[PDB]
file target_37.tsv (TSV, C-alpha atoms)
chain	number	residue	atom	x	y	z
M	68	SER	CA	167.30	142.39	102.93
M	69	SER	CA	165.28	139.33	103.93
M	70	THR	CA	164.22	138.49	107.47
M	71	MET	CA	166.84	135.77	107.85
M	72	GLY	CA	169.66	138.32	107.95
M	73	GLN	CA	167.79	140.54	110.40
M	74	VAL	CA	167.03	137.58	112.67
M	75	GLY	CA	170.63	136.35	112.45
M	76	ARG	CA	171.98	139.71	113.61
M	77	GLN	CA	169.39	139.83	116.40
M	78	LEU	CA	170.68	136.45	117.61
M	79	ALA	CA	174.23	137.84	117.72
M	80	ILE	CA	173.03	140.40	120.25
M	81	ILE	CA	171.40	137.61	122.27
M	82	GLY	CA	174.42	135.34	121.96
M	83	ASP	CA	176.93	138.03	122.89
M	84	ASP	CA	174.76	139.09	125.84
M	85	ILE	CA	174.66	135.52	127.13
M	86	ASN	CA	178.40	135.15	126.48
M	87	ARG	CA	179.24	138.39	128.29
M	88	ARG	CA	176.92	137.74	131.24
M	89	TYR	CA	178.02	134.23	132.10
M	90	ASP	CA	181.42	133.34	130.62
M	91	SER	CA	183.28	134.80	133.60
M	92	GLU	CA	180.67	133.22	135.88
M	93	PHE	CA	181.29	129.76	134.39
M	94	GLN	CA	185.05	130.16	134.90
M	95	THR	CA	184.58	131.06	138.58
M	96	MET	CA	182.68	127.82	139.21
M	97	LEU	CA	185.40	125.86	137.39
M	98	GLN	CA	188.05	127.33	139.69
M	99	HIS	CA	186.07	125.95	142.63
M	100	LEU	CA	185.59	122.52	141.06
M	101	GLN	CA	189.10	122.39	139.54
M	102	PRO	CA	187.84	119.55	137.31
M	103	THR	CA	190.23	117.10	135.72
M	104	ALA	CA	190.06	114.52	132.96
M	105	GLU	CA	189.40	111.81	135.55
M	106	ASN	CA	186.41	113.47	137.25
M	107	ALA	CA	184.98	115.84	134.62
M	108	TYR	CA	182.32	113.29	133.64
M	109	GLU	CA	181.12	112.55	137.18
M	110	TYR	CA	181.11	116.25	138.06
M	111	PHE	CA	179.03	117.07	134.98
M	112	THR	CA	176.42	114.32	135.40
M	113	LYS	CA	175.75	115.18	139.04
M	114	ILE	CA	175.71	118.89	138.20
M	115	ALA	CA	173.24	118.10	135.41
M	116	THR	CA	171.13	115.86	137.65
M	117	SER	CA	171.00	118.52	140.36
M	118	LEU	CA	169.94	121.07	137.73
M	119	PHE	CA	167.09	119.02	136.22
M	120	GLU	CA	165.57	117.82	139.51
M	121	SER	CA	164.15	121.36	139.92
M	122	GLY	CA	162.71	121.63	136.40
M	123	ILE	CA	163.71	121.71	132.73
M	124	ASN	CA	163.39	124.51	130.19
M	125	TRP	CA	165.41	125.40	127.11
M	126	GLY	CA	167.20	128.10	129.11
M	127	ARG	CA	168.37	125.53	131.65
M	128	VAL	CA	169.54	123.19	128.88
M	129	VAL	CA	171.54	125.85	127.04
M	130	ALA	CA	173.04	126.97	130.35
M	131	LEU	CA	174.19	123.41	131.01
M	132	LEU	CA	175.62	123.13	127.48
M	133	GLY	CA	177.56	126.36	127.93
M	134	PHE	CA	178.92	125.17	131.27
M	135	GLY	CA	179.80	121.78	129.81
M	136	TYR	CA	181.68	123.57	127.04
M	137	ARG	CA	183.70	125.65	129.51
M	138	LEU	CA	184.31	122.65	131.76
M	139	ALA	CA	185.64	120.58	128.86
M	140	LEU	CA	187.73	123.54	127.65
M	141	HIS	CA	189.02	124.01	131.20
M	142	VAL	CA	190.01	120.33	131.45
M	143	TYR	CA	191.75	120.48	128.07
M	144	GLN	CA	193.80	123.53	129.04
M	145	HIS	CA	194.34	122.87	132.78
M	146	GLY	CA	194.51	119.07	132.59
V	71	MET	CA	178.09	120.47	143.15
V	72	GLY	CA	174.93	121.59	144.90
V	73	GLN	CA	175.57	125.29	144.37
V	74	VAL	CA	176.78	124.79	140.79
V	75	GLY	CA	173.53	123.02	139.94
V	76	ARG	CA	171.46	125.65	141.73
V	77	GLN	CA	173.30	128.60	140.15
V	78	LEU	CA	172.86	127.16	136.66
V	79	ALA	CA	169.14	126.90	137.42
V	80	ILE	CA	169.00	130.62	138.19
V	81	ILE	CA	171.07	131.40	135.09
V	82	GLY	CA	168.97	129.11	132.92
V	83	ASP	CA	165.73	130.57	134.26
V	84	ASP	CA	167.02	134.11	133.69
V	85	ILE	CA	168.05	133.20	130.14
V	86	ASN	CA	164.65	131.60	129.57
V	87	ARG	CA	162.87	134.63	131.06
V	88	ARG	CA	165.06	137.20	129.29
V	89	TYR	CA	164.82	135.97	125.68
V	90	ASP	CA	161.80	133.65	125.22
V	91	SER	CA	159.52	136.47	124.05
V	92	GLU	CA	162.29	137.70	121.73
V	93	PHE	CA	162.31	134.26	120.09
V	94	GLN	CA	158.52	134.32	119.73
V	95	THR	CA	158.74	137.74	118.06
V	96	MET	CA	161.33	136.41	115.59
V	97	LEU	CA	159.12	133.43	114.73
V	98	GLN	CA	156.11	135.66	114.06
V	99	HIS	CA	158.12	137.76	111.60
V	100	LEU	CA	159.44	134.63	109.87
V	101	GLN	CA	155.99	132.92	109.77
V	102	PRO	CA	157.83	129.61	109.25
V	103	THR	CA	156.27	126.38	108.06
V	104	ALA	CA	157.55	122.81	107.97
V	105	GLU	CA	158.42	123.04	104.28
V	106	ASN	CA	160.97	125.84	104.74
V	107	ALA	CA	162.13	125.44	108.36
V	108	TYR	CA	165.47	124.12	107.08
V	109	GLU	CA	166.06	127.03	104.70
V	110	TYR	CA	165.23	129.55	107.43
V	111	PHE	CA	167.43	127.92	110.08
V	112	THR	CA	170.41	127.42	107.75
V	113	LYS	CA	170.32	130.99	106.43
V	114	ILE	CA	169.87	132.52	109.89
V	115	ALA	CA	172.83	130.54	111.20
V	116	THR	CA	174.87	131.84	108.26
V	117	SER	CA	174.00	135.44	109.16
V	118	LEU	CA	174.75	134.82	112.85
V	119	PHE	CA	178.26	133.46	112.26
V	120	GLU	CA	179.20	136.07	109.64
V	121	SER	CA	180.40	138.24	112.55
V	122	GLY	CA	182.10	135.48	114.56
V	123	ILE	CA	181.52	132.38	116.65
V	124	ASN	CA	181.34	132.02	120.42
V	125	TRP	CA	179.51	129.52	122.60
V	126	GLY	CA	176.98	132.20	123.56
V	127	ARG	CA	175.96	132.54	119.91
V	128	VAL	CA	175.85	128.77	119.41
V	129	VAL	CA	173.57	128.19	122.40
V	130	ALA	CA	171.35	131.08	121.29
V	131	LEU	CA	171.09	129.41	117.87
V	132	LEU	CA	170.08	126.13	119.52
V	133	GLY	CA	167.50	127.75	121.78
V	134	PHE	CA	165.98	129.39	118.72
V	135	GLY	CA	166.18	126.25	116.60
V	136	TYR	CA	164.29	124.43	119.34
V	137	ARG	CA	161.63	127.16	119.37
V	138	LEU	CA	161.49	127.00	115.57
V	139	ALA	CA	161.06	123.22	115.54
V	140	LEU	CA	158.44	123.45	118.30
V	141	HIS	CA	156.57	126.12	116.33
V	142	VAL	CA	156.68	124.12	113.08
V	143	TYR	CA	155.35	121.00	114.82
V	144	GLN	CA	152.13	122.75	115.89
V	145	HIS	CA	151.16	123.57	112.30
call {"tool": "encode", "arguments": {"input": "target_37.tsv", "output": "structure tokens"}}
result
Amino acid sequence: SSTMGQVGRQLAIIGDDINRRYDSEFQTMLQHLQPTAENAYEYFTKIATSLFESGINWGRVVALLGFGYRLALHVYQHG
Amino acid sequence: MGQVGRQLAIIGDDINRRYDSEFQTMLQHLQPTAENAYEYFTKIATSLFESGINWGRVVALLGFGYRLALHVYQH
């Protein structure tokens, strides 16, 4: 009924679109890095630094968070 | 490293370009104020996760929560 439920379902469309666009693209970059528990932190901070030197918006931040989630999940499963 | 950081910049800019106006439209229908920003965010998040959780939905929630907080701060 209320707007909250309509907005919540609209965000599912946004969230699934982001998830479907870039989840396989995050995994491709992890295959190239092959990060491990010993170097996941250094990889992520220099990836983050290289991202923010060219600008910062909320889209860049959420992209980095998504990649950091996949990277950590990758390390946990392949490390 | 260099390409990973540059590709996430393209992705992040595309995400920012693709959905920012959709967040503004949601805020104008909610007409939120400081007093009820919590109630709106908490209920929206409930509706979002009724149909499942994935990182794409969580980051969308955060990008909207940041727009909501930014909108509330102006008023």
call {"tool": "interface_residues", "arguments": {"input": "target_37.tsv", "of": "chain V", "to": "chain M", "cutoff": "8 Å", "atoms": "only C-alpha atoms", "output": "NGL selection string"}}
result
:V and (71-72 or 74-76 or 78-79 or 81-86 or 89 or 96 or 99-100 or 110 or 113-118 or 124-133 or 136)
call {"tool": "residues_around", "arguments": {"input": "target_37.tsv", "residues": "residue 97 in chain V", "least_positions_apart": "2", "cutoff": "10 Å", "atoms": "all atoms listed in the file", "output": "ChimeraX atom specification"}}
result
/M:74 /V:91-95,99-102,134,137-138,141-142
call {"tool": "atom_distance", "arguments": {"input": "target_37.tsv", "atom1": "CA of residue 144 in chain V", "atom2": "CA of residue 109 in chain V"}}
result
18.4 Å
call {"tool": "atom_distance", "arguments": {"input": "target_37.tsv", "atom1": "CA of residue 146 in chain M", "atom2": "CA of residue 94 in chain M"}}
result
14.8 Å
call {"tool": "atom_distance", "arguments": {"input": "target_37.tsv", "atom1": "CA of residue 73 in chain V", "atom2": "CA of residue 90 in chain V"}}
result
25.0 Å
call {"tool": "axis_aligned_box", "arguments": {"input": "target_37.tsv", "around": "range 78-91 of chain M", "padding_each_side": "3 Å", "output": "AutoDock Vina command-line options"}}
result
--center_x 177.0 --center_y 136.9 --center_z 125.6 --size_x 18.6 --size_y 13.1 --size_z 22.0
call {"tool": "closest_residue", "arguments": {"input": "target_37.tsv", "among": "M:103, M:91, M:68, M:98", "to": "residue 143 in chain M", "atoms": "all atoms listed in the file"}}
result
M:103
call {"tool": "closest_residue", "arguments": {"input": "target_37.tsv", "among": "V:87, V:123, V:80, V:139", "to": "residue 108 in chain V", "atoms": "only C-alpha atoms"}}
result
V:139
call {"tool": "build_atoms", "arguments": {"input": "target_37.tsv", "residues": "range 93-115 of chain M", "atoms": "N, CA and C atoms", "output": "short mmCIF file (atom, residue, chain, number, x, y, z; two decimals), in the coordinates of the input"}}
result
data_model
loop_
_atom_site.label_atom_id
_atom_site.label_comp_id
_atom_site.auth_asym_id
_atom_site.auth_seq_id
_atom_site.Cartn_x
_atom_site.Cartn_y
_atom_site.Cartn_z
N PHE M 93 180.98 131.18 134.55
CA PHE M 93 181.29 129.76 134.39
C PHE M 93 182.72 129.47 134.81
N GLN M 94 183.65 130.39 134.54
CA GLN M 94 185.05 130.16 134.90
C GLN M 94 185.26 130.22 136.41
N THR M 95 184.47 131.03 137.12
CA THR M 95 184.58 131.06 138.58
C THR M 95 184.18 129.72 139.19
N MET M 96 183.11 129.11 138.69
CA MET M 96 182.68 127.82 139.21
C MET M 96 183.67 126.72 138.87
N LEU M 97 184.38 126.85 137.74
CA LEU M 97 185.40 125.86 137.39
C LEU M 97 186.62 125.97 138.29
N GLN M 98 186.95 127.18 138.75
CA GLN M 98 188.05 127.33 139.69
C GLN M 98 187.74 126.64 141.01
N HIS M 99 186.46 126.62 141.40
CA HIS M 99 186.07 125.95 142.63
C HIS M 99 186.08 124.44 142.46
N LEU M 100 185.59 123.95 141.31
CA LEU M 100 185.59 122.52 141.06
C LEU M 100 187.00 122.01 140.78
N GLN M 101 187.82 122.80 140.09
CA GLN M 101 189.10 122.39 139.54
C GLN M 101 188.97 121.01 138.87
N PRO M 102 188.08 120.88 137.89
CA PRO M 102 187.84 119.55 137.31
C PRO M 102 189.05 119.06 136.54
N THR M 103 189.15 117.74 136.45
CA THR M 103 190.23 117.10 135.72
C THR M 103 189.64 116.09 134.75
N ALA M 104 190.51 115.50 133.93
CA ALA M 104 190.06 114.52 132.96
C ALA M 104 189.50 113.27 133.62
N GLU M 105 189.86 113.02 134.88
CA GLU M 105 189.40 111.81 135.55
C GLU M 105 188.02 112.00 136.18
N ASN M 106 187.66 113.23 136.55
CA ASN M 106 186.41 113.47 137.25
C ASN M 106 185.49 114.46 136.54
N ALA M 107 185.84 114.90 135.33
CA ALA M 107 184.98 115.84 134.62
C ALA M 107 183.62 115.23 134.30
N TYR M 108 183.58 113.93 133.99
CA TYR M 108 182.32 113.29 133.64
C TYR M 108 181.41 113.17 134.86
N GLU M 109 181.95 112.70 135.98
CA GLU M 109 181.12 112.55 137.18
C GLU M 109 180.65 113.90 137.70
N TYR M 110 181.52 114.91 137.67
CA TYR M 110 181.11 116.25 138.06
C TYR M 110 179.94 116.73 137.21
N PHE M 111 180.02 116.51 135.90
CA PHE M 111 179.03 117.07 134.98
C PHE M 111 177.69 116.36 135.12
N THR M 112 177.69 115.04 135.31
CA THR M 112 176.42 114.32 135.40
C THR M 112 175.68 114.65 136.68
N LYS M 113 176.40 114.83 137.79
CA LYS M 113 175.75 115.18 139.04
C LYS M 113 175.39 116.66 139.09
N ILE M 114 176.14 117.51 138.39
CA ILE M 114 175.71 118.89 138.20
C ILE M 114 174.43 118.92 137.36
N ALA M 115 174.41 118.14 136.28
CA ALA M 115 173.24 118.10 135.41
C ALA M 115 172.03 117.53 136.15
#
